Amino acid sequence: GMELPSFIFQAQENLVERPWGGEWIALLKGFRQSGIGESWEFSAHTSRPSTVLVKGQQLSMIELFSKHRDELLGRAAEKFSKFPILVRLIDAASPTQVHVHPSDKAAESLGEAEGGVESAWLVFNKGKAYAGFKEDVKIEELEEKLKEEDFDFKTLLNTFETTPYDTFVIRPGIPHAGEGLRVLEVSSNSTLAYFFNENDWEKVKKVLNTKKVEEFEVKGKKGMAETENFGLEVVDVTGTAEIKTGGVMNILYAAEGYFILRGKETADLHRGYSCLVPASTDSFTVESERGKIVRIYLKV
């Protein structure tokens, strides 16, 4: 199967308004607007599917995947029967509340319609990431804190003062939050998240890792992180660089600079935008005066 072009673009922006969102995302997408917390890039999530342009014609990621699944996934086609990932730009400008994701096992046990969530984070600025308890805690003592008006639960977590392109891997059960933080978050194709509040507390108790987590357990390498199912890497481009898909679906995000893309056809990519590369493209070149492009890939 090789019906698809090398480079598939979103037809329209897929943005999410959030009270904690600032101005960064709208600005990436060429306009001025506060209160945008998220941009969903090539979402095949049923709550919020992206729409794409294939050779100039418009369709949903969901349609695209049901029709072109084997070609899109390539060597990952046997491993994944549903669309494997969700890619989001996140502008956590105001502090988010502490939350936690279930594993596949926990989500199934809780009877959720969605699966578990693992995620890899690529940070773009100097902000604060919070991940894992810095000491052992007791569920009961966390519940005492819920009684207070607005106990800062982030004070109980490892605090990371970031620099651009720091990475994190947030595993199921790990409590986390961000503040003044611009981030690319590649996760499972699931949005299950339980916040530290009365409404979600019964779910939190069932999935929360209450043990001390060491910093090395949540920190990735500079510009590079992976789970067992997917990964991301920052490619520094000065001039022309050849990029290999590995015969699996890739997504490219232009973090800095302007790129000319040359595969089966020629295209370009502006800072703030993403490109979907089907597995049927073995390799292609990207060209930039000096830029940084993020390659997101499936692991098989």
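Position 1 is the first residue in the sequence shown; the rest follow in order.
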Checklist entry - So which stretch wins on mean C-alpha B-factor, 200-208 or 142-150? => result 142-150
Checklist outcome for this item: Higher avg CA temperature factor (55-63 vs 40-48, as deposited) belongs to 55-63
Checklist entry - Checking the entry, which one of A177, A107, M224, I85 has the top C-alpha B factor? => result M224
Item to check | B-factor third for the C-alpha atom of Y165 within its chain | outcome: lowest
Checklist entry - Mind checking which third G74 falls in for C-alpha B-factor across the chain? => result highest
Checklist entry - Looking at the C-alpha B-factor of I8, is it in the lowest, middle or highest third of its chain? => result middle
Checklist entry - Taking the C-alpha B-factors as the PDB entry records them, is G111 in the lowest, middle or highest third of its chain? => result lowest
Checklist entry - Hey, what third does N125 fall into on Cα B-factor, ranked over its chain? => result lowest
